[PDB]
Undergrad: 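Shown below is the structure under consideration.
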Amino acid sequence: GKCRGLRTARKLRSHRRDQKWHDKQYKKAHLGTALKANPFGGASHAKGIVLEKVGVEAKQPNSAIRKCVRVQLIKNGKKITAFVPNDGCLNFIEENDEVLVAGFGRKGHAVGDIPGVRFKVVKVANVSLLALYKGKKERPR
Amino acid sequence: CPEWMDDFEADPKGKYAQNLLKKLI
Amino acid sequence: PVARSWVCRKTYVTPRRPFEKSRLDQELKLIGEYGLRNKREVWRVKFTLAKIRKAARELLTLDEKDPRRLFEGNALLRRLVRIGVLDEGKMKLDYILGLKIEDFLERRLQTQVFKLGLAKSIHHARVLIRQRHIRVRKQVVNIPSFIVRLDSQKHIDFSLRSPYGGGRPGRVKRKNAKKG
Amino acid sequence: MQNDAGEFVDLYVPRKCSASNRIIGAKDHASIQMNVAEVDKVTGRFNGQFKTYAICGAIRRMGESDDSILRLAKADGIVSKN
Amino acid sequence: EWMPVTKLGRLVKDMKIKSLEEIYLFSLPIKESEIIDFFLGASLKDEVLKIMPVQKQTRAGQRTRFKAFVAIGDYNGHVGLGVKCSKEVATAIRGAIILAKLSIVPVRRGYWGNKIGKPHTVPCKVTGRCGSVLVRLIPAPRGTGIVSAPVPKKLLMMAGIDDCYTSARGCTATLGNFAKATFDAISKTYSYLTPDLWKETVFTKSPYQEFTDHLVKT
RNA sequence: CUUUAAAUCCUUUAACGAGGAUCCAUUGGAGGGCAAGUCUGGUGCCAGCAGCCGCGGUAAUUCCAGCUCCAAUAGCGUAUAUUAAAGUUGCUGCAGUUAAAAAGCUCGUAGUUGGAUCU
Ligand SMILES: [Mg+2]
Ligand SMILES: [Mg+2]
Ligand SMILES: [Mg+2]
Ligand SMILES: [Mg+2]
Ligand SMILES: [Mg+2]
Ligand SMILES: [Mg+2]
Ligand SMILES: [Mg+2]
Ligand SMILES: [Mg+2]
Ligand SMILES: [Mg+2]
Ligand SMILES: [Mg+2]
Ligand SMILES: [Mg+2]
Ligand SMILES: [Mg+2]
Ligand SMILES: [Mg+2]
Ligand SMILES: [Mg+2]
Ligand SMILES: [Mg+2]
């Protein structure tokens, strides 16, 4: 059982922080290795240069080709695979063009079918992908 | 609806089971 | 450094469960019955009632002879009686916990304008207020969410600069009279 | 049971076990309400009224119902001393 | 037309027992749903909480049955819960309604603070348990409503509680255990020995003693 | 006019100013979680959707659209940090037979705790 005496505050506090270090989320947030290894560097979004268009096999129970792009982040040069969400949207992207990339939705964890992919393209050449998809804006020339 | 009970009882575990159960309650 | 103030509040809170049949139906009933624009007005009234209930609950746990309890309980009861939500014969603290949202919704200028017969519907009442046809005492009031004080209720008129009260025809009457 | 006004706001008042003073619940079917016919002091005959005891299911399950009823009858004078 | 089989049914039909609380007083088992229909037929409502398909593996395939959970109760003082499993959903619902009627227990209601008006909340903090699910009801101030999950909220509103605080622990995802636990907590409200019930009980006559002759000749 | 250092805005007042009152509300959804269509056309494990479970292999309630519907509404989606949910850090208040877990065993300093009793 736990100590319960009136003079046990230091024991309780020290035990709580030591055991707190055994929590996955707490250790991830406070250890500093996760932030160092994060390609975004703790940012919500990032900007990168499209290196090549790639097709990724969907996971086994469902068969499909997910259209992604290899991007090189400007701020640190790290290379990333980012998912281009809607259909035909890969045709809006060219080679060696500016792209704004965001997270995929689960804090650096792969989402759904696409394996080892945790980023999605938000902007292509400073115009939103949604606007291009819905015909609100056209690709700048 | 009795049709809901029938469509659920035909396939208790199927593509439409959850919707029909939600309708039943 | 500037000479500005930054005190501000949120007047409503949002429900934790976004989609549930009972809450949605009850809110829609209130909106339709009192001619409200959206659910934010319902949540605003709910928030004021919740703050009042929280204050009353804080006061109840105090001692009956505690001067703070006496002081702020008297103030709260007098504020609630003054706007017409509470009855003077029910001026005990616990009765505050018996108040409902409809009591606060009935004291709006929109519902009172409808009840006094100045308008033939709650929506007609809202458009009458927003169109500067309604005055309270001598001040033309433009805000539907104007909680009418109990003493101020007897002075709600048609705003004698308006066509319905002051007999000056508006744009449409003037234009249609020029066509003759 | 009583509010400030003074009337009894309660659906019903349940019986308590005469042995353990526990409340006998609405759905507790091991409980019993025994009636014992006391006898007149001259003719040794049943005279019409009686003394009633109530025991909950727990006491009966523990096997202590017999001793409890024995003591309740002893305190009532139904059972002679020793 | 109802033809009673049990002694209690005959007494109830023959206009001898005037209230369900007389049956609750002597903890008599109720085995005929027509008794509940006779006493609270007008005010009773039902609500199918869940339909769950259960499967039994067999040499050729899975035999599937359907389990219905039904909560019943007039929204003043009474509530019941019933679970029935059958080969057809409609039969399961009918049986669950019958069982819920057979399981109607009285609910004791108290006050949070001042005892002004009708009782509105639970008399005290109560707890129900059913297979790793623990449900705790806490008295709440007037006008607070029911602060609970939807499944216990249905039963609490159906019983007649206006205001209640709730805390639940365990695997509440199992609707059956959650419902049975909140039902157990509700049922415990009249088994708590509060000081107002310290007065020594005055024993009355059971219906089987009051109407022995009428039962003899009927 | 008023405002103001001078103005602007707001307030006050002339004149004009509404029937598709075109003086035209959007952003997200419609299998479950979770409110709202196993309606119609196209595609056919492709394109794609899908936070999770899953949907799509020729009769798709899930994709691409039309219609309809619903949530909030001058706002509403998305990414990330954080809080509640989390009694999943547990002081309140968690666990350690078999689900993760009691040191192989004993001694022992510090620490923590420590039986009545006095008007
Ligand atoms: Mg919990
Ligand atoms: Mg679970
Ligand atoms: Mg739309
Ligand atoms: Mg669609
Ligand atoms: Mg959904
Ligand atoms: Mg639904
Ligand atoms: Mg999404
Ligand atoms: Mg869907
Ligand atoms: Mg947290
Ligand atoms: Mg908590
Ligand atoms: Mg645990
Ligand atoms: Mg182990
Ligand atoms: Mg050992
Ligand atoms: Mg030591
Ligand atoms: Mg001592």
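Lettering follows sequence order; numbering is per chain, from 1. Any value given below was found using the heavy atoms of this structure, including those in side chains, with hydrogens, waters and symmetry copies removed.
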Undergrad: A/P85 near the nucleic acid: base, sugar-phosphate alone, or nothing, with a heavy-atom cut-off under 4.0 Å?
TA: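 Counting heavy atoms under 4.0 Å across all strands, the contact made by A/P85 is with sugar-phosphate only.
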Undergrad: Looking only at atom P, what distance separates F/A36 and F/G42, rounded to whole Å?
TA: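 To the nearest whole Å, 30 Å.
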Undergrad: Report the distance from atom CG of B/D7 to atom CG of B/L20, rounding to the nearest 0.5 Å.
TA: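 Those atoms lie 5.5 Å apart.
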Undergrad: For a quick check of understanding: with a heavy-atom distance under 4.0 Å over all strands, which category does A/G112 fall into, base, sugar-phosphate or nothing?
TA: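 The answer is base, as A/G112 lies within the cut-off (heavy atoms under 4.0 Å) of a base atom.
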Undergrad: In this structure, are F/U89 and F/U88 stacked, using the six-membered base rings with centres under 5.5 Å and planes under 30°?
TA: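 F/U88/F/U89: stacking flag false.
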Undergrad: Applying a 3.5 Å limit to both distances, which nucleotide forms a Watson-Crick or G-U wobble pair with F/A101?
TA: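 Here F/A101 is not engaged in any pair, so there is no nucleotide opposite it.
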Undergrad: Nearest whole Å is fine: how far is F/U78 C1' from A/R118 CZ?
TA: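 Atom-to-atom, A/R118 to F/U78, this comes out as 19 Å.
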Undergrad: If you check every side-chain atom of C/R40, which of F/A79, F/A74, F/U89 has the closest atom?
TA: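 The listed nucleotide nearest to C/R40's side chain is F/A74.
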Undergrad: Under 4.0 angstrom, heavy atoms only, what part of the nucleic acid is C/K175 near: base, sugar-phosphate, or nothing?
TA: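 Counting heavy atoms under 4.0 Å across all strands, the contact made by C/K175 is with sugar-phosphate only.
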Undergrad: OP1, OP2 of F/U38 versus side-chain N and O of B/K22: anything below 4.0 Å?
TA: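 Checking B/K22 against F/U38: no side-chain N or O falls below 4.0 Å of OP1 or OP2.
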Undergrad: Please give, in whole Å, the distance from F/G32 P to B/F8 CZ?
TA: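 Taking atom P of F/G32 as the reference, CZ of B/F8 is at 15 Å.
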Undergrad: Distances under 3.5 Å only, N/O to N/O: pair up the protein atoms with those of nucleotides 10-13 of chain F.
TA:
| from | atom 1 | to | atom 2 | distance (Å) |
| --- | --- | --- | --- | --- |
| F/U12 | OP1 | C/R132 | NH2 | 2.3 |
| F/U13 | OP1 | C/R161 | NH1 | 3.2 |

Undergrad: Confirm or reject stacking between F/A101 and F/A102, applying the criteria of under 5.5 Å between six-membered ring centres and under 30° between their planes.
TA: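 No, the criteria are not both met.
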Undergrad: Ring of C/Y12, cation from C/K10 - is the NZ or CZ under 6.0 Å from the centre and inside 45° of the axis?
TA: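 Yes, C/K10 lies over the aromatic ring of C/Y12.
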Undergrad: How far does the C1' atom of F/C63 sit from the matching atom of F/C46, given to the nearest Å?
TA: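 My reading of the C1' atoms in F/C63 and F/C46 gives 11 Å.
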Undergrad: To the nearest angstrom, how far is A/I114 atom CD1 from F/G48 atom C1'?
TA: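 Computing the A/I114:CD1 to F/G48:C1' distance gives 11 Å.
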Undergrad: Should F/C118 form a Watson-Crick or G-U wobble pair with both distances under 3.5 Å, which nucleotide is its partner?
TA: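 Its partner: none found.
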Undergrad: Does A/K136 have a side-chain nitrogen or oxygen under 4.0 Å from the phosphate oxygens OP1 or OP2 of F/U27?
TA: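 So the side-chain polar atoms of A/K136 do come within 4.0 Å of the phosphate oxygens OP1 or OP2 of F/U27, strictly under.
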Undergrad: If we call a positive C1'-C2'-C3'-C4' torsion north and a negative one south, what is the sugar of F/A65?
TA: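 North (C3'-endo side).
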Undergrad: Enumerate the protein-to-nucleotides 61-65 of chain F contacts in which both atoms are nitrogen or oxygen and the separation is below 3.5 Å.
TA:
| from | atom 1 | to | atom 2 | distance (Å) |
| --- | --- | --- | --- | --- |
| F/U61 | OP1 | B/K15 | NZ | 2.7 |
| F/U61 | OP1 | B/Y16 | OH | 2.5 |
| F/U61 | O4 | B/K15 | O | 3.3 |

Undergrad: Under 4.0 Å, counting only non-hydrogen atoms across every strand here, what does B/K13 touch: a base, just sugar-phosphate, or nothing?
TA: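 Result for B/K13 = nothing.
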Undergrad: What's A/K59 touching, base or sugar-phosphate or nothing? Going by heavy atoms closer than 4.0 Å.
TA: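 Nothing, no heavy atom under 4.0 Å.
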Undergrad: For A/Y133 and A/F92, I'd like to know if the aromatic rings sit close, meaning centre-to-centre distance below 6.0 Å.
TA: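 Between A/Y133 and A/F92, the centre distance exceeds or equals 6.0 Å.
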Undergrad: Can you figure out if F/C70 has a north or south sugar, judging by whether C1'-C2'-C3'-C4' is positive or negative?
TA: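 Judging by the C1'-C2'-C3'-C4' torsion, which comes out negative, the sugar of F/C70 sits south.
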Undergrad: If the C1' atom of F/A47 is compared with that of F/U80, how far apart are they to the nearest Å?
TA: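 The answer is 31 Å between these two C1' atoms.
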Undergrad: Reckon A/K11 has a side-chain N or O less than 4.0 Å from the OP1 or OP2 of F/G111?
TA: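 No, A/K11 has no side-chain N/O under 4.0 Å of OP1/OP2 on F/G111.
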Undergrad: Just by distance, do the side chain of A/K67 and the backbone of A/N86 share a donor-acceptor pair under 3.5 Å?
TA: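 No, the answer is negative, given that no donor and acceptor are paired below the 3.5 Å cut-off.
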Undergrad: Within the structure shown, what part of the strands sits under 4.0 Å from B/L21 by heavy-atom distance: base, sugar-phosphate, or nothing?
TA: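 B/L21: no heavy atom of the nucleic acid under 4.0 Å.
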Undergrad: Has E/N177 got a side-chain atom pairing as donor or acceptor with E/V133's backbone, closer than 3.5 angstrom?
TA: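 Between the backbone of E/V133 and the side chain of E/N177 there is no qualifying donor-acceptor contact (under 3.5 Å).
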Undergrad: Looking at the side chain of A/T8, which of F/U112, F/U73, F/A47 is the nearest nucleotide?
TA: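 When the side chain of A/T8 is considered, F/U112 is the closest of F/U112, F/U73, F/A47.
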Undergrad: Base, sugar-phosphate, or nothing: which does C/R171 touch, judged by heavy atoms less than 4.0 Å apart?
TA: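 The residue C/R171 makes base contact.
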Undergrad: Syn or anti: how is F/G32 classified when any glycosidic angle within 90° of 0 counts as syn?
TA: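 Chi for F/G32 falls in the anti range.
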Undergrad: If you find the nucleotide of RNA chain F closest to C/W43 and the one closest to A/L130, which residue's nucleotide is nearer the 5' end?
TA: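 Here A/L130 is the residue nearer the 5' end.
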Undergrad: Using whole Å, what does the distance between atom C1' of nucleotide F/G90 and atom CG of A/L12 come to?
TA: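 It is 11 Å, rounded to the nearest whole Å.
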Undergrad: Which part of the nucleic acid, if any, lies within contact of A/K67, taking any heavy atom under 4.0 Å across all strands shown: a base, the sugar-phosphate backbone alone, or nothing?
TA: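 It contacts sugar-phosphate atoms only.
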Undergrad: At under 4.0 Å between heavy atoms, what does C/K178 touch on the DNA or RNA strands: base, sugar-phosphate, or nothing?
TA: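 Here C/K178 touches the backbone only, sparing every base.
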Undergrad: Once you round it to whole Å, what is the distance between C1' of F/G31 and CG of B/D7?
TA: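 Rounded to the whole Å, the gap is 14 Å.
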Undergrad: Using modelled atom types and a 3.5 Å cut-off, is there a donor and acceptor pairing between side-chain atoms of C/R174 and backbone atoms of C/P169?
TA: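 Between the backbone of C/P169 and the side chain of C/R174 there is a qualifying donor-acceptor contact (under 3.5 Å).
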Undergrad: Tell me if the centroids of the rings in B/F8 and E/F66 come within less than 6.0 Å of each other.
TA: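 Judged by ring-centre distance (under 6.0 Å), B/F8 and E/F66 do meet the cut-off.
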Undergrad: Can you tabulate the close N/O pairs, meaning under 3.5 Å, that link protein atoms to atoms of nucleotides 93-103 of chain F?
TA:
| from | atom 1 | to | atom 2 | distance (Å) |
| --- | --- | --- | --- | --- |
| F/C94 | OP2 | A/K2 | NZ | 2.9 |

Undergrad: Could you tell me if the side chain of E/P53 sits less than 4.5 Å from the side chain of E/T64, heavy atoms only?
TA: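 SC-SC contact between E/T64 and E/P53 confirmed.
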Undergrad: Just checking A/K134: base, sugar-phosphate only, or nothing, at a heavy-atom cut-off of under 4.0 Å?
TA: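 Since only primed, P, OP1 and OP2 atoms lie under 4.0 Å of A/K134, the category is sugar-phosphate.
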Undergrad: How many Å lie between CZ on A/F104 and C1' on F/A79, as a whole number?
TA: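 Answer to the nearest Å: 12 Å.
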Undergrad: Taking only N and O in the side chain of A/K107, is any of them less than 4.0 Å away from OP1 or OP2 of F/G51?
TA: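 No, outside the criterion.
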Undergrad: Looking only at non-hydrogen atoms, find the nearest pair between A/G105 and A/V111 and report the distance.
TA: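 Distance-wise, the nearest heavy atoms are N-CG2, 4.4 Å.
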Undergrad: Ignoring hydrogens and geometry beyond distance, is a side-chain donor-acceptor pair present between C/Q139 and C/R137 at under 3.5 Å?
TA: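 Absent: no donor and acceptor within the cut-off.
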Undergrad: Check whether any side-chain N or O of C/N38 sits under 4.0 Å from OP1 or OP2 of F/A74, and answer yes or no.
TA: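 Yes, such a contact exists.
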Undergrad: When you check the phosphate oxygens OP1 and OP2 of F/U80, does a side-chain N or O of A/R106 lie under 4.0 Å from one of them?
TA: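 So the side chain of A/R106 is outside the cut-off, no N or O lying under 4.0 Å from OP1 or OP2 of F/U80.
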Undergrad: Check the distance between F/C70's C1' and C/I31's CD1 and give it to me in whole angstrom.
TA: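 Interatomic distance, CD1 of C/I31 to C1' of F/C70: 14 Å.
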Undergrad: Nearest-Å distance, CG (C/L28) to P (F/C69)?
TA: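 Atom CG in C/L28 sits about 15 Å away from atom P in F/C69.
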Undergrad: Compute the centroid of each ring, for A/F119 and then for A/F83, and state whether the two points are separated by less than 6.0 Å.
TA: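 Centroid distance A/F119-A/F83: not below 6.0 Å, so no.
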Undergrad: Quick one: label A/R66 by what it contacts on the DNA or RNA (base, sugar-phosphate, nothing), any heavy atom closer than 4.0 Å.
TA: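 Base, at least one base atom sits under 4.0 Å.
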Undergrad: Nearest to the side chain of A/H45, which nucleotide is it out of F/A47, F/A79, F/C55?
TA: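 The answer is F/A79, which lies nearest to the side chain.
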Undergrad: Given the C1' atoms of F/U89 and F/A84, what is the spacing between them in whole Å?
TA: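 That atom pair is separated by 16 Å.
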